[PDB]
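One structure below.
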Amino acid sequence: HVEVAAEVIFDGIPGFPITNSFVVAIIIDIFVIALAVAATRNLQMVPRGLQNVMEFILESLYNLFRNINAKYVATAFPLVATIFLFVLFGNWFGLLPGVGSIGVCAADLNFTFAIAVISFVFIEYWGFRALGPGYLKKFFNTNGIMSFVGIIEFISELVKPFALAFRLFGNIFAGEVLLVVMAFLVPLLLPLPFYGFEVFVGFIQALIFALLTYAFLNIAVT
Amino acid sequence: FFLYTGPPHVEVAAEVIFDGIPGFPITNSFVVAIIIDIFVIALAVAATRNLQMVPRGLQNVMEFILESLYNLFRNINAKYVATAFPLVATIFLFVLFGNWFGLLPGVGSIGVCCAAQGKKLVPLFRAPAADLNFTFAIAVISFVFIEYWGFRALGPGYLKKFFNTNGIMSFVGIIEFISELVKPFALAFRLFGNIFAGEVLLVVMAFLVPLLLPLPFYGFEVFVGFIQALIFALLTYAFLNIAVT
Amino acid sequence: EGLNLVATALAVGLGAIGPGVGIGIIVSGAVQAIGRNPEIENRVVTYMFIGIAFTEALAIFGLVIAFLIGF
Amino acid sequence: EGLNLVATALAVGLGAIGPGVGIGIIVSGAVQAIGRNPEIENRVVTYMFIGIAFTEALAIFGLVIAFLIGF
Amino acid sequence: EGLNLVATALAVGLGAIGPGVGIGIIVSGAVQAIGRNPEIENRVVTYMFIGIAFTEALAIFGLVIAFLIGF
Amino acid sequence: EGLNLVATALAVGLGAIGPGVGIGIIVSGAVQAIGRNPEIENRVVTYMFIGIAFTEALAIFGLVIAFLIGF
Amino acid sequence: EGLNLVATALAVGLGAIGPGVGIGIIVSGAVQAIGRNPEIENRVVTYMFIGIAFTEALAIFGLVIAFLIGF
Amino acid sequence: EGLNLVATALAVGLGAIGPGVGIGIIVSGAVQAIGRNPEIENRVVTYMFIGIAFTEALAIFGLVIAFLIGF
Amino acid sequence: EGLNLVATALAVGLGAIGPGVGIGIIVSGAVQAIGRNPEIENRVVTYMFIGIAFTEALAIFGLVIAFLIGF
Amino acid sequence: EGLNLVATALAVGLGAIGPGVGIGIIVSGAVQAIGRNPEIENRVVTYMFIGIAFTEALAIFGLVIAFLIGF
Amino acid sequence: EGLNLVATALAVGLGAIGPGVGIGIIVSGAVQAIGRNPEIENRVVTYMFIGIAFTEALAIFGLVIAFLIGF
Amino acid sequence: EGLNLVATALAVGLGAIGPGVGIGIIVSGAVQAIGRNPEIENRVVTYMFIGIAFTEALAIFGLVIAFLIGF
Amino acid sequence: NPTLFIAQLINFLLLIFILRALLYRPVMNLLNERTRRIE
Amino acid sequence: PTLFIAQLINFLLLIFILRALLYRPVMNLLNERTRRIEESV
Amino acid sequence: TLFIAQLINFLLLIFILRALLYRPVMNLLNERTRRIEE
Amino acid sequence: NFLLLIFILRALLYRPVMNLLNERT
């Protein structure tokens with residue numbers, strides 16, 4: 001029996017007494033804090049596993065950003081870093097980590113669009129910072145006959161983060177709906193690795209969101 | 001140029017029957033098939049003529065056509081290029097004959113008693129090719145011959161073709177056999193759809209402006225009929241070779 | 001009503017799409033062969049002709065059935 | 001009621017769009033291979049006709065479905 | 001309720017859909033070949049033009065039938 | 001109601017289109033490969049044959065559903 | 001009633017589907033060929049104009065059909 | 001209200017549309033690869049068979065929907 | 001009723017995929033053209049924006065008409 | 001009513017046509033590269049798996065709605 | 001009346017039904033030209049982004065029209 | 001009625017074929033480039049993942065409406 | 001129908017036998033004689 | 001019927017048009033056959 | 001009683017993932033750790 | 001809530017960034 005529901009709330013309004021999105025975010029933050037504590041105090045010169053999180057992820061992400069947009073990466077290092085180590089962590093917490101919305105007794109609409117607004121801030125402030133009038137370049141200029149949609153492209157840039165927020169709200173919510181459907185019919189996950197496919201899709205989506213933020217920054221650069 | 005008159009009406013049907021039913025039910029399609037067979041036999045007799053290595057004399061044309069068909073079959077395969085040569089050539093110049101006579105004067109009007117009454121004026125034409133019974137019979141005969149050849153050449157391998165294809169896990173079993181069974185139905189339906197569609201175009205497209213509209217249409221229809229006869233003749237041999245392969 | 005007219009329209013158009021796109025790739029491959037060993041020009045002429053001939057066969061199928069619905 | 005006519009029209013339209021680009025790329029690849037080499041051109045010509053015939057059979061199925069609906 | 005209107009519209013659109021996607025590939029192949037060698041020259045122009053005219057005939061139906069519905 | 005007839009039409013049509021272009025791509029790729037290297041011939045032709053069988057499986061799946069709806 | 005409105009919409013959409021991908025292929029092939037070698041620019045530009053004219057012919061047919069339906 | 005028949009018909013047909021040309025393109029790439037590298041058949045045909053395995057299964061799911069009409 | 005909104009839907013949806021992907025085909029061919037030879041880039045600068053214009057000229061046809069539908 | 005089952009059928013058909021050809025293009029692009037050089041096979045298979053996962057996500061997107069309508 | 005919902009869904013379904021395939025060709029041409037010549041960069045990237053922006057504008061228009069008619 | 005339910009199907013199902021073929025083509029070109037040149041292995045992956053960042057949104061553009069229309 | 005189909009099949013088989021009796025069959029022997037003389 | 005007369009006229013015109021070009025092809029085929037016969041010697 | 005089924009599914013998925021990635025994930029982690037070497 | 005977790009992760013990474021930089025030298 002399908003019992004799925006939408007957990008849409010208002011970020012501007014105060015938190016609800018249940019606050020499912022806030023509860024999951026707090027759980028993900030607690031898990032990340034525990035992981036960081038297990039690798040900060042118990043850290044060695046060549047730690048295995050404890051320093052592997054910093055090396056194979058944080059250092060790898062920094063190297064990838066430098067290969068994509070070096071120097072600019074240093075300016076927006078935390079911007080993608082905060083995008084990373086989160087959402088995915090929430091997806092893992094949201095990938096039926098125990099109750100899995102069953103016998104309890106990123107999908108959040110506003111949370112995603114708030115992150116999109118934060119990404120817009122990357123273009124609002126750091127964006128074209130090196131030019132200032134860079135937002136007005138190739139937009140209804142003297143060559144505007146060849147750049148008439150250049151403003152529309154900025155409008156696309158105005159919709160690129162929100163659509164990314166849609167990617168954050170979507171897929172994550174879809175995965176939960178698929179899990180609920182598998183619970184309602186054909187129990188014990190599915191013939192395909194439904195839990196594994198959902199986890200892989202969530203990780204790939206978080207990585208794609210980070211790469212999309214980096215690529216939006218690079219496109220804003222030139 | 002102008003087509004002031006001549007566009008009386010349009011009327012088509014699945015097929016036409018003929019007389020002789022009392023002694024033995026005979027359809028206009030059987031009459032057309034008998035006429036085509038008689039024409040083929042007369043052509044063979046004339047092509048044979050003296051048979052003393054006479055160059056040209058029209059015969060050389062039939063000899064060249066037969067040689068081209070034999071060369072195409074030999075290029076296709078050689079295991080049954082001799083025994084199945086007459087079987088393949090049976091379709092040739094007969095399906096072409098069915099495509100032929102479709103452009104004859106009043107082909108869709110032959111055997112009409114008469115637009116005044118049309119009481120029992122069943123067209124004594126029903127081009128053999130524009131008949132489902134002939135096409136179904138020919139495709140059934142072709143499927144039987146291909147199956148017999150596959151079983152006699154490599155019948156254990158003919159069953160091993162699908163059942164022994166891949167016994168472990170899935171096999172071509174039940175799939176290739178289903179496709180081959182559909183192909184006989186497909187072969188029957190291809191000729192059924194052909195000829196009838198052409199005749200339908202001649203009846204309908206020439207019903208409006210019967211001037212230069214039916215000429216290129218008939219030419220395309222003649223080319224399509226020749227191509228369809230050649231395609232069926234080649235496809236029978238190709239299916240036989242695939243069964244052998 | 002005009003639902004039969006709608007049927008005629010759908011038949012003629014969706015029968016025109018098939019050969020309509022097919023002949024493009026046909027003659028494009030033909031002219032590509034012309035730019036690549038036009039020695040087969042005699043072959044391509046015949047081969048492109050039969051290839052397009054099957055297309056207008058399908059197209060005329062669509063047109064005659066559209067006329068029959070209009071009949 | 002006329003919806004049978006719409007059924008026939010849709011059936012033949014789909015049966016036309018089905019093999020159109022199919023046979024188009026069929027003969028395009030055939031003439032491309034012929035341009036590559038005119039020696040094995042006979043063998044590839046023998047092979048391409050069965051691919052033509054399968055698509056033709058599909059189109060014929062689509063066409064005769066309309067005729068069966070009509071009668 | 002105006003079924004002839006939507007019939008005309010669908011006929012025109014689904015008759016005009018084909019030739020556009022045809023002619024693109026049609027002339028792309030020929031222009032690429034002539035860029036490879038201007039040897040074919042006018043010969044390729046002839047190979048091109050007639051082929052395009054073919055799809056034009058189909059487009060004719062997409063108007064004419066609609067015109068019969070339109071008048 | 002005519003829904004049965006339009007059901008059969010949609011079935012056979014939508015099930016006869018994908019396999020058609022599938023056959024086209026199959027035999028097109030096969031003919032370029034054979035023209036480039038006919039040493040493999042039957043060795044890859046058999047793989048071409050099993051691909052033909054795989055797509056004809058979907059074609060006959062559509063056809064048998066159309067037949068079942070028709071009866 | 002509203003049938004004419006959706007009629008014009010279908011007409012313009014189905015008249016814009018074709019020439020769009022058409023001109024896309026036109027320009028892609030033309031730019032690739034001109035990137036192959038210069039000194040054939042004027043001729044490839046003339047062929048480009050031929051292609052754009054042949055696509056916009058069907059485009060404006062689809063346009064004027066809906067325009068006349070608007071009255 | 002016999003919408004079940006048209007539903008299962010559209011489901012099977014427009015679910016088999018995809019894997020058809022999907023199987024076409026997988027075996028086209030595979031036949032080109034075999035024409036280049038035959039001896040990779042232990043791996044490459046596996047990548048064929050793996051790639052095939054995902055295709056029809058998806059269409060197979062659509063077929064299950066057909067039997068859901070029987071439920 | 002809402003059939004006017006259906007008209008807006010057909011106007012904006014249909015006629016957007018066509019030019020929308022024509023733009024992509026146009027730009028991609030220019031990309032490999034300039035990659036193979038960057039000395040013709042300036043010509044490509046002329047060739048891109050005009051073609052991108054013409055295909056867009058089709059897309060806006062589906063757009064403003066929809067606004068005329070919106071009134 | 002049966003319109004719910006029609007919704008399920010259309011949803012599964014349109015959500016299978018996309019990934020159904022998507023996975024085919026995934027594996028085709030992989031296999032041409034494999035045939036060119038079977039040395040980067042590990043990376044090619046990894047990126048092919050990534051594309052397969054994305055297409056499977058599309059299929060799940062189009063598939064879960066079928067059971068959702070059943071709810 | 002839910003006909004407005006049907007129109008909104010059809011528009012958005014057509015508004016976002018391929019803009020990733022058009023760009024799909026864009027990215028493929030871009031990476032192929034990069035592989036052909038790794039020296040060229042930014043210039044192709046700028047054209048790349050221009051093509052992306054011009055392609056996604058149609059999808060943006062579809063989404064905004066769906067929003068306008070949905071509220 | 002269930003017209004909203006089938007509208008949900010229109011929303012979710014459509015906007016998948018375009019992005020699906022896009023998902024195919026993007027990695028097809030990417031792996032072709034990486035096979036031709038492995039040294040660009042980083043950049044192409046980035047130039048891969050940017051395409052994702054657009055095309056999947058299109059599918060999400062279909063998905064989110066399918067929920068907005070659903071509730 | 002089925003009786004007509006059976007009659008058509010019998011007629012086709014008889015036509016094939018009559019052809020295989022002489023039509024093409026005489027050309028066959030003649031074609032083989034020509035091929036042998038080609039040696 | 002007049003349809004038969006129209007079909008006869010169209011068939012005659014098509015036969016004449018086809019023969020106008022088949023005169024060359026039939027002659028070419030006959031010439032090839034005669035050349036083969038001469039090569040037999 | 002769907003909670004029991006969900007827990008069983010999660011446990012089975014976790015066990016299968018561990019069995020599948022005991023070799024590759026641990027090997028990659030060990031390679032990354034030994035990457036410093038020296 | 002996002003900003004606080006972001007700052008905590010930034011401090012944790014800056015410590016890991018310092019450790020990685022020391023290891024690199």
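Each chain of the structure tokens is named A, B, ... in the order shown, its residues numbered from 1; ligands are numbered from 1 in display order.
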- Query: If we count only C-alpha atoms, what is near residue 69 (chain L) at a cut-off of 12 Å, once residues fewer than 4 positions away on the same chain are taken out, given as a PyMOL selection string?
  - Reply: (chain K and resi 2-10+12+66-67+70-71) or (chain L and resi 3-12+62-65)
- Message: Would you pick out the contacts of region 17-32 of chain E at 6 Å or less, using only C-alpha atoms, so that residues sharing its chain but fewer than 2 positions from it are not included, and give the list as a PyMOL selection string?
- Response: (chain C and resi 17+20-21+24+28+31-32) or (chain E and resi 14-15+34-35+55) or (chain G and resi 15+18-19+21-22+25-26+29+33+55)
Output file for the selection above: N, CA, C and O atoms, as an mmCIF file, in the first residue's frame:
```cif
data_model
loop_
_atom_site.group_PDB
_atom_site.id
_atom_site.type_symbol
_atom_site.label_atom_id
_atom_site.label_comp_id
_atom_site.auth_asym_id
_atom_site.auth_seq_id
_atom_site.Cartn_x
_atom_site.Cartn_y
_atom_site.Cartn_z
ATOM 1 N N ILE C 17 6.075 11.089 -43.877
ATOM 2 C CA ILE C 17 7.277 11.213 -43.047
ATOM 3 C C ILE C 17 8.289 10.088 -43.306
ATOM 4 O O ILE C 17 9.502 10.328 -43.337
ATOM 5 N N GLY C 20 9.840 10.322 -46.744
ATOM 6 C CA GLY C 20 10.348 11.684 -46.800
ATOM 7 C C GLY C 20 11.708 11.832 -46.144
ATOM 8 O O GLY C 20 12.587 12.526 -46.660
ATOM 9 N N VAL C 21 11.901 11.185 -44.993
ATOM 10 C CA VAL C 21 13.218 11.240 -44.369
ATOM 11 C C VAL C 21 14.135 10.190 -44.985
ATOM 12 O O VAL C 21 15.342 10.414 -45.128
ATOM 13 N N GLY C 24 16.289 11.092 -48.070
ATOM 14 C CA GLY C 24 17.399 11.977 -47.765
ATOM 15 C C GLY C 24 18.681 11.217 -47.496
ATOM 16 O O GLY C 24 19.708 11.461 -48.136
ATOM 17 N N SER C 28 21.921 10.893 -49.960
ATOM 18 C CA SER C 28 23.124 11.388 -49.305
ATOM 19 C C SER C 28 24.227 10.340 -49.323
ATOM 20 O O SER C 28 25.384 10.648 -49.624
ATOM 21 N N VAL C 31 25.532 10.282 -52.928
ATOM 22 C CA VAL C 31 26.471 11.330 -53.319
ATOM 23 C C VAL C 31 27.770 11.211 -52.530
ATOM 24 O O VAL C 31 28.835 11.627 -53.001
ATOM 25 N N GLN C 32 27.710 10.648 -51.320
ATOM 26 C CA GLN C 32 28.936 10.365 -50.583
ATOM 27 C C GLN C 32 29.772 9.318 -51.306
ATOM 28 O O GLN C 32 31.002 9.428 -51.370
ATOM 29 N N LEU E 14 2.105 17.533 -41.046
ATOM 30 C CA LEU E 14 2.718 16.221 -41.191
ATOM 31 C C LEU E 14 3.094 15.933 -42.639
ATOM 32 O O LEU E 14 3.708 14.899 -42.921
ATOM 33 N N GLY E 15 2.715 16.808 -43.568
ATOM 34 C CA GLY E 15 3.263 16.735 -44.905
ATOM 35 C C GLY E 15 4.518 17.568 -45.057
ATOM 36 O O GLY E 15 5.389 17.244 -45.870
ATOM 37 N N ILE E 34 31.804 17.555 -52.703
ATOM 38 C CA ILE E 34 32.364 18.550 -53.613
ATOM 39 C C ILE E 34 33.518 19.294 -52.949
ATOM 40 O O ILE E 34 34.444 19.757 -53.625
ATOM 41 N N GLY E 35 33.486 19.421 -51.620
ATOM 42 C CA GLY E 35 34.636 19.955 -50.915
ATOM 43 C C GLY E 35 35.825 19.021 -50.983
ATOM 44 O O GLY E 35 36.972 19.463 -51.091
ATOM 45 N N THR E 55 10.920 14.657 -52.668
ATOM 46 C CA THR E 55 10.196 14.947 -51.435
ATOM 47 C C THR E 55 9.215 16.091 -51.643
ATOM 48 O O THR E 55 8.162 16.126 -50.990
ATOM 49 N N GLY G 15 4.849 22.235 -38.728
ATOM 50 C CA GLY G 15 5.556 22.842 -39.836
ATOM 51 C C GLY G 15 6.910 23.387 -39.429
ATOM 52 O O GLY G 15 7.755 23.665 -40.283
ATOM 53 N N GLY G 18 10.093 20.123 -38.912
ATOM 54 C CA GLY G 18 10.901 19.633 -40.009
ATOM 55 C C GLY G 18 12.044 20.552 -40.397
ATOM 56 O O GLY G 18 13.223 20.193 -40.295
ATOM 57 N N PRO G 19 11.709 21.758 -40.869
ATOM 58 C CA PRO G 19 12.764 22.676 -41.325
ATOM 59 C C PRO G 19 13.771 23.045 -40.251
ATOM 60 O O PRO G 19 14.886 23.445 -40.590
ATOM 61 N N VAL G 21 15.333 20.948 -37.820
ATOM 62 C CA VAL G 21 16.404 19.967 -37.944
ATOM 63 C C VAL G 21 16.990 20.001 -39.350
ATOM 64 O O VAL G 21 18.187 19.743 -39.548
ATOM 65 N N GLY G 22 16.170 20.356 -40.341
ATOM 66 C CA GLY G 22 16.658 20.489 -41.695
ATOM 67 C C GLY G 22 17.773 21.503 -41.815
ATOM 68 O O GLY G 22 18.879 21.156 -42.232
ATOM 69 N N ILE G 25 21.006 20.501 -40.075
ATOM 70 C CA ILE G 25 21.883 19.655 -40.881
ATOM 71 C C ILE G 25 22.507 20.454 -42.015
ATOM 72 O O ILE G 25 23.687 20.262 -42.348
ATOM 73 N N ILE G 26 21.721 21.337 -42.644
ATOM 74 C CA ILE G 26 22.226 22.202 -43.711
ATOM 75 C C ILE G 26 23.503 22.896 -43.263
ATOM 76 O O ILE G 26 24.570 22.743 -43.876
ATOM 77 N N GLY G 29 26.601 20.542 -42.265
ATOM 78 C CA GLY G 29 27.324 20.032 -43.416
ATOM 79 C C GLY G 29 28.078 21.118 -44.157
ATOM 80 O O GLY G 29 29.222 20.919 -44.576
ATOM 81 N N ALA G 33 32.136 21.228 -44.615
ATOM 82 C CA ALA G 33 32.739 21.199 -45.943
ATOM 83 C C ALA G 33 33.609 22.427 -46.188
ATOM 84 O O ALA G 33 34.692 22.324 -46.774
ATOM 85 N N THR G 55 14.034 24.925 -47.259
ATOM 86 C CA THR G 55 13.442 24.705 -45.941
ATOM 87 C C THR G 55 12.411 25.779 -45.606
ATOM 88 O O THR G 55 11.307 25.469 -45.131
#
```
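In the superposition of chain G on chain I, with all Cα atoms paired by position, the RMSD stands at 0.7 Å.
Separating CA of residue 20 (chain O) from CA of residue 3 (chain O) is a distance of 25.5 Å.
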